[PDB]
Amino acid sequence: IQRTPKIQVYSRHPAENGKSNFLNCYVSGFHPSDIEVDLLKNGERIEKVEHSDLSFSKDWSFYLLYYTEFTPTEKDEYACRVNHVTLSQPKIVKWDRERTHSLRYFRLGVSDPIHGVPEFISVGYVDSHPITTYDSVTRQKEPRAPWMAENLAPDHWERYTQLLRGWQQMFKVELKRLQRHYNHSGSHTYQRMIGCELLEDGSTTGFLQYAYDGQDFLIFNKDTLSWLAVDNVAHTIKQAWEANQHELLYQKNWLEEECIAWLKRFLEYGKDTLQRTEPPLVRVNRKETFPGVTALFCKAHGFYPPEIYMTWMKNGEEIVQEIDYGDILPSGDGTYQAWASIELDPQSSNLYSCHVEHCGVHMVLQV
């Protein structure tokens, strides 16, 4: 099942003409992984374009960010051009107008990529921060964060590069078995996700899952040490794996113990960035796009962690049941932005208000 990319074009900071800024093209929710993204200045490709490394979501969808340094010109027209399997022709999008932590590791396999993209990639994350990276082209596990490279001995990288070289071969072999079993030809994707969550109160959560072509394939239940299979093909794989009772017990123990221990270790190594809280800056704007149309936009920016809650209240008593919302977007500098717009009443004002909650801070912008 293919999924088409969600393309969102926006600036890192609120845009004002003549002031340098960063243009973002957040490309998310797409499957398979192969994509081509360009940023266009007045219809022309931009030579210097930065982009985060390929990232992975828990729904098996892929996400990325493309950014470039620019200064907004009232005349300049910036847009983002995306190529994907689901797009018979490129799609151009104009630029209009904490306490819970998680460690998780993903494995990605692509058969017949026919690209300068690796056959196998594996990335680790603490709270949406890539801590480590490994791929088949590199054949080496390298820290993706600086706080990870200043606390782990070089032997640690050697030891786990050996595990990842073996896991890579297993993924290549396991992927062929699935294509033969399904009689599939061409490029297909194999995905794995393992991780644990450490809640504020001390509770722990764990998960291990496999996906074939972006669809749930095998789900490990660590409470019953069973692999749940979606298909009869997955059932065949389930039977092979469930033979090795030792492997299953290791999964339970790695999730409940080693994973949380690793996570606590990392949350200290990166305490400066991971335990950081940046409060949001909220401004209310009034816009009249058409005659007799007025809307209020509660816009928040520069906060971390991305967990935020925004709402509008008519007369300061009850919530509005017609509130449009904006996605929480990565601005590119480690902070996040969002917005919430309501249609201003043509009648006499109800004295609307905006309410923002972020990490225990409550802001009310009564206008």
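Quick note: we count residues from 1 along the sequence shown, nothing fancier.
The entry shows an unbroken chain from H246 to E247, with no unmodelled residues of the deposited sequence in between. Between 67-75 and 237-245, the higher mean Cα B-factor belongs to 67-75. Of the two stretches examined, 178-186 and 209-217, the record assigns the greater average C-alpha temperature factor to 178-186.
Note on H31, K58, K48, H301: the highest value goes to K48, judged by CA B factor as recorded. When the Cα B-factors of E36, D327, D53, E307 are read from the PDB record, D53 comes out highest. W312 sits in the highest third of its chain by CA B factor, as recorded in the PDB entry. Ranked by C-alpha B-factor against the other modelled residues of its chain, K287 falls in the highest third. In the deposited entry, the Cα temperature factor of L296 places it in the highest third of its chain's modelled residues. The PDB entry assigns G202 a C-alpha temperature factor belonging to the highest third of its chain's modelled residues.
Annotation for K94: C-alpha temperature factor in the middle third relative to the rest of the modelled chain, per the entry.
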